[PDB]
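A structural walkthrough
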Amino acid sequence: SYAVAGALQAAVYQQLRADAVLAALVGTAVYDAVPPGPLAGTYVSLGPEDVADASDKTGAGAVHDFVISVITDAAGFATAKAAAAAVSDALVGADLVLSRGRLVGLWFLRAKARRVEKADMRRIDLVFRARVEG
Amino acid sequence: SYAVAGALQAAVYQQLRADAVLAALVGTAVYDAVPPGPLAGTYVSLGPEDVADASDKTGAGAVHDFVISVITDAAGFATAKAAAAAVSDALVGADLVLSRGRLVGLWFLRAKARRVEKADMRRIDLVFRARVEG
Amino acid sequence: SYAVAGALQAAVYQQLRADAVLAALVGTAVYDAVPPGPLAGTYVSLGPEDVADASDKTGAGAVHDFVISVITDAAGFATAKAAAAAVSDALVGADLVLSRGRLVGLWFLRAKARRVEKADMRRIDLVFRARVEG
Amino acid sequence: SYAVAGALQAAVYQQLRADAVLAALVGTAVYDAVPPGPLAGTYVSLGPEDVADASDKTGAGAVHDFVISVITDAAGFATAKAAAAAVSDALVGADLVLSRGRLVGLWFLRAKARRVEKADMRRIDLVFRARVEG
Amino acid sequence: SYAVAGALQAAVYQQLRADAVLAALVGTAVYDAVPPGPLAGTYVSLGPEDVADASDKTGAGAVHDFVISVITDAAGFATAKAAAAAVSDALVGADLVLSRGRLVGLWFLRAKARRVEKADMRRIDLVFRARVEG
Amino acid sequence: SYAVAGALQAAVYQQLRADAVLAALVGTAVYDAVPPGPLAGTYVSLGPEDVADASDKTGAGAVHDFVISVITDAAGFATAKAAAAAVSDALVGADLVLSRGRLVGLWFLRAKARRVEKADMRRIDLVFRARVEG
Amino acid sequence: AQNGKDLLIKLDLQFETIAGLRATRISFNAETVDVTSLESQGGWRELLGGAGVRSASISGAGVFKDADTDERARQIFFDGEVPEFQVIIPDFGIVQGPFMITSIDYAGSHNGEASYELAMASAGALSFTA
Amino acid sequence: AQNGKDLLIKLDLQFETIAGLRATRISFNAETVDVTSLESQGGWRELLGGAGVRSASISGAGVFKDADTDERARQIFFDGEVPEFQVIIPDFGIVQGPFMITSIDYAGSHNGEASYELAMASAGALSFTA
Amino acid sequence: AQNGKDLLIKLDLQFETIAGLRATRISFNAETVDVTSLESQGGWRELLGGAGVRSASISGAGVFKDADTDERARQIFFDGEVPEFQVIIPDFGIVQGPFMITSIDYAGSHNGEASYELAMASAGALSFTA
Amino acid sequence: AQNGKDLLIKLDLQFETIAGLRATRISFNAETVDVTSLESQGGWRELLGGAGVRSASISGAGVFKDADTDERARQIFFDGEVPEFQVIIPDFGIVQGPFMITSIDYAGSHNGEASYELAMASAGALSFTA
Amino acid sequence: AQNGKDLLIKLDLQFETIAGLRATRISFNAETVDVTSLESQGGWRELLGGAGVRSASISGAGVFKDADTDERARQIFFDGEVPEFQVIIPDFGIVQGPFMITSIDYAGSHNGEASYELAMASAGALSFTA
Amino acid sequence: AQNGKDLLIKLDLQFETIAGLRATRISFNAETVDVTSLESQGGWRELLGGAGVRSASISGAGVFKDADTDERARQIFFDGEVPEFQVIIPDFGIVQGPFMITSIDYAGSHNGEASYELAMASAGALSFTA
Amino acid sequence: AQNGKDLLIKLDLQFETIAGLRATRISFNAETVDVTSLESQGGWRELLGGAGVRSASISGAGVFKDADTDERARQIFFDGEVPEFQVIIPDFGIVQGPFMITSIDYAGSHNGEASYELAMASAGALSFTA
Amino acid sequence: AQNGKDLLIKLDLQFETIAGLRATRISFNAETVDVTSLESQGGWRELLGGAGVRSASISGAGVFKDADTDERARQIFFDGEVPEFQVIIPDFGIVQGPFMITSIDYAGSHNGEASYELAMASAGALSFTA
Amino acid sequence: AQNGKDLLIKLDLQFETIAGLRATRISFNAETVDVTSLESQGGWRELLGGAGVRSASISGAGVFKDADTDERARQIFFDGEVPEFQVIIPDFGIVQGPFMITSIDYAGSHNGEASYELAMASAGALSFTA
């Protein structure tokens, strides 16, 4: 998107699947591309960001408002909350390492939670603001 | 959603199904996941919150605007009002106990009321603001 | 919705079907639940409110913006105007009696008027603001 | 809608079909209810108002933003302009007589013009503000 | 729409099909009503205005925000740009002659450009503000 | 759109397919009109601008907010990021040469990134502000 | 709570409502005469209280509708008077003080109503009917 | 209620409307000369009323349309005069006072109309036709 | 954090909440008496600190609901007093100072509630219950 | 009515338009010297009119485009002058007065244009070409 | 660039963060003592520079959360002191100056949080840790 | 027209851009010394022009990014100096005047960047490179 | 209360007030003939009272409007007389004394009025009509 | 009403007004020859009237514009004369008196005008042209 | 019009102006030798004119900038002399008079300038270069 967005999704994927919680609560089912197979059904997904172009005369940066959705096949979605709670416990104030530039603050934004389809699957989006500096 | 959201829906479910009114007006039909069977038809439902991220330098919190819908198969929906009136009598200024952090104020917000489908079923949403502190 | 909403729709239904005009202009066809039969076709309907939560530290109240629609099978909808004019003549500055709390002012708001379906039926919504005090 | 709306559509229908222009440009095809037959095809239509409730402590009034659409089966809609020009020449600053109350100013508002369906028929809405006093 | 709109579309059609550029770039394919035949496929179209009622105590005028779309069957729509560039070169600061009143300024507004259908045809709208004085 | 838009899309197409990165990351698949064949599947597309008419008394200009989308058939869309990163590395502060007038600043705006269809293809729009001077 | 329609300001001719009163507001004031001394328990500001003068001001706006009493507000301003005015709180009751007509202003646009603000201020001793 | 179009301010040349008057506003004023004394029943502010001076001010804005009377407002300002002006309330009637031309300002943008405010204030004794 | 509903301002009659308090705000102040001298390490502004006076001000607004204590705020203003007022911070505790009733204002519209602001300021020495 | 593009302010070098003029505004002023006397028919404010001084001020803003005359506005400000300026009303005609260059300001952002306001005021006797 | 969370203002009890600090702002000031003389190269304004005094002011707002150090800000205001305060720029480092507690204000609504502004100003010589 | 990115304000250490400059604005000023006399052709305001002093002021804001020259702006303010500053218009060229550092302010929120305004004013004679 | 418009000074020619009478002030005096004997019950100063001479002085300000009564005062000054002057007190009544025309002065500015002060002093025995 | 621009002081060389004449003020005087005999009907002060000497003083302010009439006053001061001076009153007429040039002063600032006061006093018998 | 920057006082050492010359004011005087004989055509005061002594006084304000001409004035004060001083009037010319150094004073504040007033008075016969 902006130049940092190649490295940002890579590093927030690496801070995920390293937290001990959400590894005993989701498992290995944290991905962007879905591994085809049986579709385990309590995964998360980390793809849709958008940029709010916060830049400079000398240099330029980006505000990545990336969405991490939590999808859950369970009957209620109290299961999907603690998995999303372990997302938000892992990412606000992250201070991680990027491959192009660095980020300065990984804050938290709106996080809606609803039934996507036939009321069988439950989507909890979690928008995180990622002010990165190129 | 935020870390408190695992405990918030659990505690507002426990303050429900303990009020004496709405136990003689709905019964045991307060749930998130629907118990399959005959679908009694005058239930409520407590799932869709969203967060408005009110946080701090030192610590962080959340504004959960959770929706409690009231669904009713009766011909008119004066039956659905008093069940929703017993929702709102049970929750504004609740001062309940959470498992992760605590809430500081469970206020009241917009509460629309309409016919969802074929004008046979009537949905009364009730948005409650839950400023919790992690 | 809020606690007064059980008594508010009951009392605005009772001030209707007591006005002499709209009793010679609609008849007995003022309802929420439709009496099944032949569907007379020049009815009104009083169900969809929504609340705007105007409350207090000490006590709480509600702003019920309830919608009273006027439906008419006549070819033109000059017939539906005077029936809606007799709605608005009956309700603005009502000062009626409630069963839970009281209302302080039953004002008037937007009132759109259009063709709902196939341009055969004409819906005149009439939004009335009902600031009630619990 | 409001109490004046029974008399307002009646009087703006009577100022129409009395202008000499639009009588040689539309004919007798000014109506709300369509006379069934062959559908002449260069009519106008005067039904959908909405109210913006401008009222008082002592007395009450209404802001009727009524829509007069111009429909035309001609290939281009330069024919529909002069018919709509003869609408607007007939109604802005009208100072007509009502049966319930009176109006104080019949101004002019937005007037969009587009193709409704299959690009065969052309609808020119003309919103007029009618501040009436009950 | 307003009274000038009968003469405005007539005069902006006459300033079109008189520019030397867009006559060697579109041809005779500038119209409102489509001449039926083979549908040449690199036409423009001048019909949908809307009015923003800028008027007076003494006299009245209109703000016609008329849309001139450019449609093009070519594979890319660099062909449609220069035809739309020859539209905008022909109309901003036009100072033309009307039959009812006159215009005082024919400015330029938003001009979006997209694929309408199946990504085979490309529509470039061009909104021009026409402050006319009746 | 505006007069410069014939030359603007031509010059931003020429600065693309000349960058060394995105030539080893996309290839020759940068176009507006799609070359029919096998549809390689990791292309970009540069067509939909819109104008925000920033002009003058003496002279006139345009704000072209053109969209360059990145489409990618890969399973994840980390591949589509670096191709879009090579778009944004090629265009912000471009200072290129136009055929009609010149541009003064090619800034950066919002850049959303989502799954278009069946979640098989991924679209990364990149809106760039192009303040050109005619 | 009380209805907004019930609290009404009114002129004399015997008091009648001025026709268009979309928005009205009684506003009381005091200037807080400061009596600070060297010796204070915490250094907190010391105020005498009762000695300082006290005020009331009325600001009633809305649509210009001609009535017999709307023409009275023209008459009060041109021939300078201080007549009796009366703003009634819905529960509290009437006020019944002599006010003056400090600033009025009629306004109208090319598409709106004829509207006015009517701003008043206290000119004498007030009352309260309870 | 009254039409917004009916209340109109107008210059002399015999009075004609100034061409573009999208928004206009007559505004009356008084300064409330305070006459407070030691002995007051409740300590309420005491005002004399009639002795204090009184004002009127006109602010009429809209599109700059050239007329014979719009050029007159240029003539009143450059050659400093205090001619007769007349704002007519729709029911009340005309005012017919000598005002002056305290501040006018023509404004235009790259895409809008040529517009103007025309701000006036009272320069002499007013009237009322009833 | 604390509930917004818990911090409440209250009048005497023994203290009760004033009925409608949608928004309230205690506000403390100091005037920072400046004691700048020729010799300063960096030229930084020098302030004595403690000698300067200090203030408190309360601004509580909301819906006009008639209570026994809302009528008290009428009584405090007309008969000029400096009674005891009490704003309780949710954790901190009560304040319990003598304030006065510097400006109150009741307002109502043609469709809204009857509302009021109630603005207060310190008139004596304050306290803190901890 | 008139085009917004036609009314243009212009500098000398022989007068040319300053390149970017998105928004411009001539504004005339007078201070209304008050001559109130004891004997007045209704107590209406009395104004002399013509004796009071009178002003003009020009505020022209838009995009910073370098021209030969935009560099002139730099030259007028640094070397303090009062040259001749000329704002032409579309129907009225030109003004042709000596103004000065009281405040100019260039501004630019990280994504916007380079823009400027150019604020002027009258420095001598004006004219009108009719 | 730096994180917004890293720059923090803090009180003494040894310094701790005040609990809720949603928005904070250190602000430095100087009054620019003017030393203009007859002889100037272009007539440009001449300023001495260093002699003029210089200031710092801190404005930190957010949610009222009770901590041991939030109660300290109550203690600094009632018992008038000038203690040491410390705002740390994320890269620059800490400031460590004596400030005072010029105005604080707690505010809460019927549905919002309990919130506060905390406005401070310099009372002595500052520092910089680099 | 010119790029917004090209016009840049810069400090000395040899001049470098201050890191974050989202919005910047050079602003020139004059006070218009009035020389009005009895005899005037139309009574138009008479101004001397050149004698009056003249100013320049720079206001550059944006994200706080630590650089070697951003720390310089800390050094200019604490140790009071009037060093050379330089704002370059994209076509016009550089300015190169001695300014001072009248007010700077760093600000940060709980979710935003660390940001700053940097407000400057002229302290000596300016220049223009053309 | 009494209107300041009511108290009027007036010349003879039969009595008429002068035109510009913006501010007028009759001022009486007595020189307080001190009779302080050595004995006095607490060492208090004793005074005689009726032995003191008593005076009156009138200071009238106003704007020069030409009237015959205004020309009369010039004729009273050049042909130096001490005619009868008369000053009403609103509800007391007139004074009707012989005064002289001690010092008058006419003043005018480049923008304001032709104004004048008129200072008078007592010349004989005064009266009072009740 | 009379314009302050009308009253004009003027020198001989044939009479012409001076250039900078911002504020001028003729001021007459009489020393009030007190004739207080022991008898007086209420102990009132009696005055004689015509025995008093009578004077005139002119104080003219203005901005230094070089004129021959301005050079004349310097020549009148150095070659100390008492020539004829003439001061118009708008609708009275001229005075035409012999005055001297008692004290003049030229003043200038680092930013303002070359200004001057010009103080004159009576030197002979005056006149009045009506 | 004449610039206030043009009129300059200057010392001998060959003539150079002093450094801080913020406000300067030459002031001439004459004591008005009253020759009031008993006869005078209206009892007017008669004056002689040329018999009066005539003087000059210079009051120069400014900011202390060290110059040799500023050191000269200190040397003129301690070694008390009456050397030649020279004051330009813009378009009149110089004065070139012998003055003394009657009273000088240096002043400074905790935040402002080193400023000085310099008061001089005439010591001999003056001149005028035209």
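Report follows, based on the coordinates. (Residues numbered from 1 in each chain as written, not as in the entry; some residues may be left out. Chains lettered and ligands numbered in written order. Part of a larger assembly, values for the part shown. Heavy atoms only, no water.)

Moving on, we get to the overall build of chain G. On a plain count of helices and strands, chain G comes out with one helix and seven strands. Listing the helices and strands of chain G from first to last along the sequence gives β-β-β-β-α-β-β-β. Taking 130 residues into account, the globule formula puts the C-alpha radius of gyration at 14 Å, and chain G, at 18 Å, lies well above it. Reported as C-alpha extents along the three principal axes, the dimensions of chain G are approximately 60 × 35 × 35 Å. (Helix = DSSP H or I, 4+ residues; strand = E, 2+ residues; numbered from the N terminus. Rg over C-alpha atoms; globule rule 2.2 N^0.38 Å.)

The helix and strand tally for chain A stands at two helices and eight strands. The order of helices and strands in chain A, counted from the N terminus, is α-β-β-β-β-α-β-β-β-β. In terms of principal-axis extent, the alpha carbons of chain A reach across some 50 × 25 × 25 Å. Expressed as a percentage of the 134 residues in chain A, the buried residues total 57%. (Buried < 20%, exposed > 50% of the residue type's maximum accessible area, 1.4 Å probe, protein only.)

Quick look at the side chain of L:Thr102 now. Looking at where L:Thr102 falls in the secondary structure, it is placed in strand β6 (residues 97–109). A distance of 2.9 Å separates a polar side-chain atom of L:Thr102 from the backbone oxygen of L:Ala119. (Polar contact = N/O pair within 3.5 Å; in protein donor to acceptor, adjacent residues only side chain to side chain.)

Here we take up the pattern of salt bridges. Within this structure, the stated rule accounts for 89 salt bridges over all chains. Of the charged contacts, one joins D:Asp56 and G:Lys65 as a salt bridge, the two residues approaching to 2.3 Å between their closest N and O atoms. You can see D:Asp56 sitting in the loop between β3 (50–51) and β4 (61–72) and its partner G:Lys65 sitting in the loop between β4 (54–63) and α1 (70–78), one on each of two chains. Owing to a relative accessible area of 9%, G:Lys65 belongs among the buried residues under this scheme. One connected set of salt bridges, linked through shared partners, spans A:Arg131, L:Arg22 and L:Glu113. (Salt bridge = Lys/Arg side-chain N within 4 Å of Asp/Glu carboxyl O.)

Opposite the 13 residues of chain N that make contact, chain L presents twelve residues. Taking both partners together, chain N and chain L bury about 910 Å²; carbon and sulfur atoms supply 53% of that area. Along the contact surface separating chain N from chain L lie one salt bridge. Between L:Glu39 and N:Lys65 there is a salt bridge, and its shortest N-O distance comes to 3.5 Å. Our count for the contact surface shared by chain N and chain L stands at four residue pairs in polar contact. Here the residues of the side of chain N that touches chain L sort into five nonpolar, four polar and four charged. (Contact = heavy atoms within 4.5 Å. Buried area = accessible area lost by both parts, 1.4 Å probe. Nonpolar A, V, L, I, M, F, W, Y, C, P; charged D, E, K, R; others polar.)

A word on the interface of chain J and chain L. Chain J puts 35 residues into the contact, and the matching count from chain L is 36 residues. Each partner contributes to the roughly 3,100 Å² buried at the junction of chain J and chain L, and carbon and sulfur atoms together form 63% of this total. When the area that chain J buries against chain L is broken down by residue, the three leading residues are J:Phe77, J:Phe78 and J:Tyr106, summing to 19%. In this structure, the connection of chain J to chain L is made through one salt bridge. Taking the shortest distance from any N to any O, the salt bridge between J:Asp105 and L:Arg25 comes out at 2.0 Å. Run the count over chain J and chain L and you get twelve residue pairs in polar contact. Contributing elements (two or more residues each) for the side of chain J that touches chain L: β4 (54–63), α1 (70–78), β6 (97–109) and β7 (114–122) of chain J. Of the residues in the side of chain J that touches chain L, the class split is 17 nonpolar, ten polar and eight charged.

Quick look at the pairing of strand β1 (residues 8–12) of chain J now. Residues and elements named next belong to chain J. Here β1 lies mainly inside the structure; five of its five residues are buried. As defined by bridge partners, β1 adjoins strand β2 (residues 15–17) across three bridges and the pair is classed as antiparallel. By the bridge assignment, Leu-11 is partnered in β2 with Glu-16. (Pairing = 2+ DSSP bridges.)

Turning our attention to the packing of aromatic side chains. Centre distance and the angle of the planes are the two values used to describe a pair of aromatic rings. By the definition in use, this model includes 120 aromatic pairs over all chains. A centroid spacing of 6.3 Å and a plane angle of 70° characterise the contact between J:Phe78 and L:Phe128, whose relative ring orientation is edge-to-face. One end of the pair, J:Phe78, is in helix α1; the other, L:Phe128, is in the segment after β7 (114–122), on a second chain. Their ring planes at 50° and their centres at 6.0 Å tell us that K:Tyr106 and K:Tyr116 sit as a pair that is tilted. (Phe/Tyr/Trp six-rings, centres within 6.5 Å; stacked < 30°, edge-to-face > 60°.)

Our next topic: the relation of the copies chain J and chain L. Of the transformation superimposing chain J on chain L, the axial component is 0.0 Å and the angular component is 60°, with the fit at an RMSD of 0.0 Å. Both copies are brought into coincidence by an operation consistent with a six-fold rotation axis. In terms of proximity to the rotation axis, the leading residue of chain J is J:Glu31, whose C-alpha is 19 Å off the axis. (Least-squares fit on C-alpha atoms.)

What helix α1 (residues 5–15) of chain B keeps buried is the set B:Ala5, B:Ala7, B:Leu8, B:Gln9, B:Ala11 and B:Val12. At the C-terminal side of α1(B), B:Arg17 shows a positive phi close to 55°.

Another point: the environment of N:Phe78. Classification of N:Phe78 as partly exposed rests on a relative accessible area of 27%. Through-space distance from the C-alpha of N:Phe78 to that of N:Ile101 is 9.7 Å; in sequence the pair is 23 residues apart. Filtering out sequence-adjacent residues up to four positions away, N:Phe78 remains in contact with O:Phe28, O:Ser127 and O:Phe128.

Once that is clear, we can look at the arrangement of the chains. If you take every C-alpha in chain A and every C-alpha in chain E, the smallest gap between them is 21 Å, and the two do not touch. No interface is formed between chain A and chain G, the nearest pair of C-alpha atoms being 36 Å apart.

Turning next to the side chain of L:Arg45. On the secondary structure map, L:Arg45 appears in the loop between β3 (23–30) and β4 (54–63). Among the polar contacts made by the side chain of L:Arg45, one reaches the main-chain carbonyl oxygen of J:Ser122 at a distance of 3.2 Å. Excluding anything up to four places from it in sequence, L:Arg45 contacts J:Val53, J:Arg54, J:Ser55, J:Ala56, J:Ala121, J:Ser122, J:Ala123, J:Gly124, L:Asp34 and L:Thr36.

A few words on the pairing of β4(L). Two faces, one strand: in a regular strand the side chains alternate between the faces of the sheet. All names here are of chain L. Counting buried positions over the ten residues of β4 gives nine, a clear majority of the element. Sheet topology places β3 next to β4; six bridges connect them, and they run antiparallel. Opposite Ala-23, over in β4, you have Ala-61 as the bridge partner. Strand direction decides the pairing type here: β4 and β7, joined by seven bridges, are antiparallel. The partner of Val-63 across the bridge, within β7, is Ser-115.

This part is about helix α1 (residues 70–78) of chain H. Here α1(H) lies mainly inside the structure; eight of its nine residues are buried. Inspection of α1(H) places H:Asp70, H:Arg72, H:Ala73, H:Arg74, H:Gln75, H:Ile76, H:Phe77 and H:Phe78 among the buried residues, and these make up the whole buried set. Turning to α1(H), the residues buried within the fold contact β1 (8–12), β5 (84–88), β6 (97–109) and β7 (114–122) of chain H together with β3 (23–30) and β4 of chain J.

This part is about unusual backbone geometry. With a phi angle near 55°, D:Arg17 is a residue other than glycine that sits in the positive phi range. One can find D:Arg17 in the loop between α1 (5–15) and β1 (30–31). We note that F:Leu39 has phi near 55°; this positive angle belongs to a residue other than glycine.

Checked against the element boundaries, J:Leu21 lands in the loop between β2 and β3. C-alpha of J:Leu21 to C-alpha of J:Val63: the two residues are 42 residues apart in sequence and 6.9 Å apart in space. If we ignore the near neighbours within four places in the chain, the residues touching J:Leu21 are F:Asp56, F:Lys57, J:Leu8, J:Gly60 and J:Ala61.

The next subject is the environment of G:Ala121. Note on placement: G:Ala121 falls in strand β7 (residues 114–122). Distance from G:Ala121 to G:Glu31, taken between C-alpha atoms, is 15 Å for residues 90 residues apart in sequence. When neighbours within four sequence positions are excluded, G:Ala121 is seen to be in contact with G:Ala56, G:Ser57, G:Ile58, G:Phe99, G:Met100, G:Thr102 and H:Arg45.

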